[PDB]
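Data first, discussion second: the structure below is written as structure tokens.
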Amino acid sequence: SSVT
Amino acid sequence: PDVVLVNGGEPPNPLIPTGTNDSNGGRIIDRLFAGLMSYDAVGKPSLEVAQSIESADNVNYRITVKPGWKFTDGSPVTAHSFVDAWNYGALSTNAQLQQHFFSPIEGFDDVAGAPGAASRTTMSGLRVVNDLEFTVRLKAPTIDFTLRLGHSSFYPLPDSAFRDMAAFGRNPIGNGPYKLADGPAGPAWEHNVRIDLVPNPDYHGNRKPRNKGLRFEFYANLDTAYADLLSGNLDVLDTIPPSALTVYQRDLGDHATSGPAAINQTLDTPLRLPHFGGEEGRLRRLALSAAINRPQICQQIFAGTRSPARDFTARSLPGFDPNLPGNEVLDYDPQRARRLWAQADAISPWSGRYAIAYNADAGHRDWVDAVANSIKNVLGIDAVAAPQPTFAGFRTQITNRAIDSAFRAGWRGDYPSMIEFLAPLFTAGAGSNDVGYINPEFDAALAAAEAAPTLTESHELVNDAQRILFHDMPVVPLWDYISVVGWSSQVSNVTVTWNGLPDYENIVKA
């Protein structure tokens, strides 16, 4: 998943 | 409070598993559903909803579903609950960000963006046998197909979802260890503030909660979150702010733990931006990589809690190799950076501003400022930081292509497979390919790595495929993570998993  | 208070953020997208590509939504979705497999804290899968998953060839799979599972609306979990959710994810008409995970299934090309039968709405390779059994036929051997069956893209959905998926995404109904609260003063999901979850009494799987609920608090600022941790107003903080990196050990003692996690950070420059497409753009991306001093930033900005990238994946993954030929593109070399940038200027002279957008809610300010300053000083260009307040808004601009600058990105692993760090980001049609990179030779190299019969061969083929990435520099890999997680004196049994997240179900609160 795309972090942050 | 009796529930465990942990940090999170507003999901950029509704709470639909196949529509969730980010960690803010992901950390919620993974509490609400149970898939065919579940993952332990080291990322090893075990049978969960599946009674069996059988394949002798990595091409043909027979999946049997355990009887007696249900969603929190009382309806049963059946083979259809899986097959209908997977077909929904795969069909291009539904524009699901996780579509890519279905790509190895025969018939994907009919329903996705590919040559094939555009009237078809389901994948021919997915076949229901009976209420609790289905088969999967892949187009080619796929060494991480079994492993990925714990991932959210494969979660089952209740029949009611499909009648109104927008309504479902606002108020999801799942089958997993937690469910949304029916809280005493307003909705469980208070947008931009928090989400409240309580245990699902129906659930009897591998992740039974050891606590009475979870509250994900959507902090606007990680310094606020750290202050709350120190005062006991937050129980678990999975990201220590930069301001605290040199003091957390003094502040928290044995209530903080650190370790490598399968998470990376990149600098993404869409190929559609001025001066950043074609061969010109390739030369400029190589120049940017050479203009960034990853050891220095890791030491000074991050106090040693990031490790300089040596490839496009993460040091802690199986088969990782930090000494691949061609990885010198990830070494700081100002003279080389200027030579590459000048070669790009031979095609078209640079002009304008290079801006790095980021979400300010997650502690990126210091490093982004440092990288922009490094690029400015090495290359002599107008490079600046461009903060945005929230991850949700930032990702929305990236996804809809409104963003008009470079931007930070990075991947938190979904399961421990190097291919999983590459295919979702760099294959031509992937929903999380934020920059528009297309190289069919790379996609073919990954397919070859997937077809290998053994993990050792597969890993060596993945690493061969990464040579193409060293040449193309589709994004600039920066560093991978040393996670630092702190917790309050009111909780215990806090374990940090392989991808840096708390093992939420197992946290205990007296």
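For the protein sequence lines, the chains are A and B, in the order given.
If you count the first sequence from 1, position 1 lands on 1 in the numbering used here, and the numbers rise without skipping.
If you count the second sequence from 1, position 260 lands on 1260 in the numbering used here, and the numbers rise without skipping.
For each residue, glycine too, the CB sits at the ideal point set by N, CA and C.
(request) Give the straight-line distance between the Cα atoms of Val1083 of chain B and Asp1164 of chain B, rounded to the nearest whole angstrom. (result) 18 Å
(request) Determine the extent of the beta strand (DSSP E) in which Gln1265 of chain B is found, giving its start and end residues. (result) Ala1256 to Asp1268
(request) Please confirm if the region 1370-1380 of chain B is in contact with the region 1240-1260 of chain B, defined as three or more CB-CB distances below 8 Å between the two stretches. (result) no
(message) My parser needs the alpha helix (DSSP H) runs of 4 or more residues fully inside the region 1383-1458 of chain B; what are they?
(response) 1391-1399, 1418-1426 and 1440-1450
(message) Check whether chain A comes within 8 Å of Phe1391 of chain B, counting only Cβ atoms and requiring the distance to be less than that.
(response) yes
(message) With three or more beta-carbon pairs closer than 8 Å as the criterion, would you say the region 1077-1096 of chain B touches the region 1015-1022 of chain B?
(response) yes
(request) Check each candidate in B:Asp1030, B:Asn1013 and B:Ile1143 and name the one with the smallest Cα separation from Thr1456 of chain B. (result) B:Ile1143
(request) Could you tell me the distance, in whole angstroms, from the CA atom of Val1496 of chain B to the CA atom of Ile1398 of chain B? (result) 29 Å
(request) Check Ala1362 of chain B in the structure and name its three-state DSSP category. (result) helix
(request) Pick out the complete alpha helix (DSSP H) segments inside the region 1135-1199 of chain B, 4 residues or longer, and give them in chain order. (result) 1159-1163 and 1165-1170
(request) Note down, in chain order, every chain A residue with its Cβ under 9 Å from the Cβ of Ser1023 of chain B. (result) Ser1, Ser2, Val3 and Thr4
(request) Pull up the CB-CB distance for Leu1422 of chain B and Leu1446 of chain B, whole angstroms please, since I reckon it's below 8 Å. (result) 6 Å
(message) Short of 6 Å in beta carbon distance, which residues of its chain neighbour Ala1034 of chain B, apart from the five on each side in sequence? Order them along the chain.
(response) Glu1048, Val1049, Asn1175, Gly1176 and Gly1205
(message) Can you pull the chain A neighbours of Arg1395 of chain B, defined as C-beta to C-beta under 8 Å?
(response) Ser2
(message) Would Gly1169 of chain B and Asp1196 of chain B qualify as a contact pair, given that the criterion is a beta-carbon distance under 8 Å?
(response) no
(message) Within 10 Å of its beta-carbon, does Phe1162 of chain B have 16 or more other beta-carbons around it, so buried, or fewer, so exposed?
(response) exposed
(message) Please identify the residue among B:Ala1346, B:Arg1315 and B:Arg1294 whose C-alpha is closest to the C-alpha of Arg1284 of chain B.
(response) B:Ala1346
(request) Give the single residue among B:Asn1221, B:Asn1439, B:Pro1325 and B:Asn1211 whose Cα lies nearest to the Cα of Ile1507 of chain B. (result) B:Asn1211
(message) So, for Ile1419 of chain B: in the same chain, excluding its five sequence neighbours on each side, which residues have a beta-carbon less than 7 Å away from its beta-carbon?
(response) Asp1144, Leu1446, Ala1449, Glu1450 and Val1462
(request) Closer than 7 Å, Cβ to Cβ, to anything on chain A: give me those residues from the region 1414-1439 of chain B, in chain order. (result) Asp1414 and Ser1432
(request) Could you have a look at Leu1237 of chain B and say whether DSSP puts it in helix, strand or coil? (result) strand
(request) For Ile1016 of chain B, go through chain A and note every residue whose CB falls closer than 9 Å to its CB, in chain order. (result) Simply none; closest approach about 14 Å.
(request) Mind listing the chain A neighbours of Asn1359 of chain B? Cutoff is C-beta to C-beta under 7 Å, in chain order. (result) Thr4
(request) Quick one: using the 10 Å Cβ neighbour count with 16 as the cut-off for buried, is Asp1182 of chain B buried or exposed? (result) exposed
(request) Taking all protein chains shown into account, decide if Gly1352 of chain B is buried (16 or more other Cβ within 10 angstroms of its Cβ) or exposed. (result) exposed
(message) Give me the chain A residues within the contact set of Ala1303 of chain B, using Cβ-Cβ distance strictly less than 7 Å, ordered along the chain.
(response) The contacting residues do not exist; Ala1303 of chain B stays about 19 Å from chain A at best.
(request) For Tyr1481 of chain B, name the three-state secondary structure that DSSP assigns. (result) strand
(request) Mind checking the region 1249-1274 of chain B against chain A and listing, in chain order, the residues whose C-beta falls within less than 9 Å of any C-beta there? (result) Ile1263, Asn1264 and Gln1265
(request) In the DSSP assignment, find the unbroken alpha helix (DSSP H) run with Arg1284 of chain B in it and report its ends. (result) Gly1278 to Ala1290
(request) Closer than 7 Å by beta-carbon distance: list the chain A residues that pair up with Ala1362 of chain B, in chain order. (result) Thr4
(message) Between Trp1487 of chain B and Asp1235 of chain B, how many whole angstroms is the CB-CB distance? I'm expecting something under 8 Å.
(response) 6 Å
(request) Give the DSSP-derived three-state secondary structure of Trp1069 of chain B in the structure shown. (result) coil
(request) Kindly indicate the opening and closing residues of the alpha helix (DSSP H) around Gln1343 of chain B. (result) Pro1334 to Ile1347
(message) With three or more C-beta pairs closer than 8 Å as the rule, is the region 1403-1410 of chain B touching the region 1328-1335 of chain B?
(response) no
(message) Looking only at its chain, what residues have a beta carbon closer than 6 Å to the beta carbon of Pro1322 of chain B, apart from the 5 residues adjacent to it on each side?
(response) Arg1310
(message) Could you compute how far the alpha carbon of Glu1106 of chain B sits from the alpha carbon of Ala1140 of chain B?
(response) 9 Å
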